[PDB]
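The chain that follows stands alone, in the form deposited in one PDB entry, written as structure tokens.
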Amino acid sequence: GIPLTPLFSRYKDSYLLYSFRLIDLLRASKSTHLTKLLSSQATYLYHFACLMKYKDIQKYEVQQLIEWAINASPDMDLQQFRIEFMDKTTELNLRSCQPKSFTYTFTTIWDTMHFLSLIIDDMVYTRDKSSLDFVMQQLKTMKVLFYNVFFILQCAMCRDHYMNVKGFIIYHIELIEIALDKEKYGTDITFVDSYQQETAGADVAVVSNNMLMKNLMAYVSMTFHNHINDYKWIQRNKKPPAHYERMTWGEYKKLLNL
């Protein structure tokens, strides 16, 4: 139930490009351990792409795609892998998982993280349908995706920094788990409009309060994204550029029609 907007369309495409570049790494994997980690990450990523598009995951078709990527020739170049990827996904009836744009940049990875955040918010708000158990399983998978992020591009500094602060995101996913658990035991979730209301609601001695900010992960990922960009100037020991600009929640909500 995510609003259709130009930005969300870009997020979807970026997410598919990221997943495509991730499976392209399988044939070049330097170890069984890495192949396993990459294959699992890819399986989960495509699962969420299909959940939104097909309102279900094509566990079978996705597995066939991943199996194909694992066995693809390592001598093959990216252009050839692209071509064979398009043919394979067409054959597997996964045309909706094909990227339209192939320009890979940091925006691609950020877009991917923001896309997953919107999925989390949507799966929770519409939990009326699958089941609290299904959602809980999905959140566990989301934590694995965020605990493990493959940059594909090279940036050791980014990797080290993310290692240090990724817990900020994971912490909020756990807040959702707690809210769902409270609902299982009798207290329905009350959605609020601001992060401030959620913070105030959490400042109690009892567990009978169950307030959760609507669009929480969208806000959390936006805030995290701003933080990384605010901190890079400290990493470079420099004053931020005169035209450095941060994203505001009001602007972000408008862009995604939240």
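We call the rigid core the largest set of C-alpha positions that still match within 1.5 Å between the two forms. In case it trips you up, residue 1 is the first one in the sequence shown, and so on.
Heads up, the form deposited in another entry isn't pictured, but that's what we're talking about next.
Can you tell which of 178, 144, 78, 132 moves its Cα by 2 Å or more between this form and the one not shown, with the two forms laid on the rigid core? Comparing the C-alpha positions, the one residue that moves 2 Å or more is 78.
Cα of residue 232 displaced 2 Å or more between this form and the one not shown, core superposed? No.
On a rigid core superposition, would residue 50 pass a 2 Å threshold for CA movement between this form and the one not shown? Shift of 2 Å or more: yes.
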